[PDB]
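Q: Top to bottom, those sequences are chains A and B.
So in the deposited numbering, the last one in the first sequence is 236, and the numbering has no gaps at all.
So in the deposited numbering, the last one in the second sequence is 595, and the numbering has no gaps at all.
We put the beta carbon where it would ideally sit given N, CA and C, even for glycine.
Below is the structure I would like to discuss, written out as structure tokens.
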Amino acid sequence: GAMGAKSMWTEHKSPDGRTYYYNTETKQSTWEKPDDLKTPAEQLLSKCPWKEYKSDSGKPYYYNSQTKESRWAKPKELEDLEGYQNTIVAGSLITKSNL
Amino acid sequence: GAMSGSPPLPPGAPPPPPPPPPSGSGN
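Written as structure tokens, this is what we have:
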């Protein structure tokens, strides 16, 4: 009944400013954030196949995990994902994509 | 080893270089 059991994943930083999560029972490390540590925001973002990162000039690109495609402009799908604070569901739930 | 200090760093690396942006074709 581990409903109130502390996670075995802890947070640490490397000399490069990077973060690595350690599992204190299995003794295994990862660069990926385990879904048990993911903050609500991350949980929200984590289901979005489109994610924001910046290029060398600071000009943003948005990448899709399913289709593996890259675009310069923000798709509306991500736009509504950001607005997950006012009108949580933008008239539809993310269970029907027309790509 | 590495029982003192900080625990070990994992194999692999989280995408250091940005995945390819469209260079110009149909975008």
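#1: Between A:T167 and chain D, is there a C-beta pair that is closer than 8 Å?
#2: Which same chain residues, not among the five before or five after B:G580, have their C-beta less than 6 Å away from its C-beta?
#3: If contact is defined by three or more beta carbon pairs under 8 Å, each pair taking one atom from either stretch, is the stretch 167-176 of chain A in contact with the stretch 142-154 of chain A?
#4: Please name the residue, chosen from A:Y198, A:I231 and A:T163, that lies closest to B:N595 on a Cα-to-Cα basis.
#5: Check the C-beta distance from B:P586 over to A:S202 and give it rounded, since I have them as a contact under 8 Å.
#6: Could you please give me the residues that DSSP links to A:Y157 through a beta bridge?
#7: Would you mind reading off the limits of the alpha helix (DSSP H) that contains A:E214?
#8: Please report whether the beta-carbon of A:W209 lies at a distance below 8 Å from any beta-carbon of chain B.
A: With the structure as the only source:
#1: Annotation note: the requested chain D is absent from the structure, which comprises protein chains A and B.
#2: none
#3: yes
#4: A:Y198
#5: Actually they are not in contact, since the Cβ atoms of B:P586 and A:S202 sit about 15 Å apart, beyond 8 Å.
#6: A:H149
#7: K213 to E219
#8: yes
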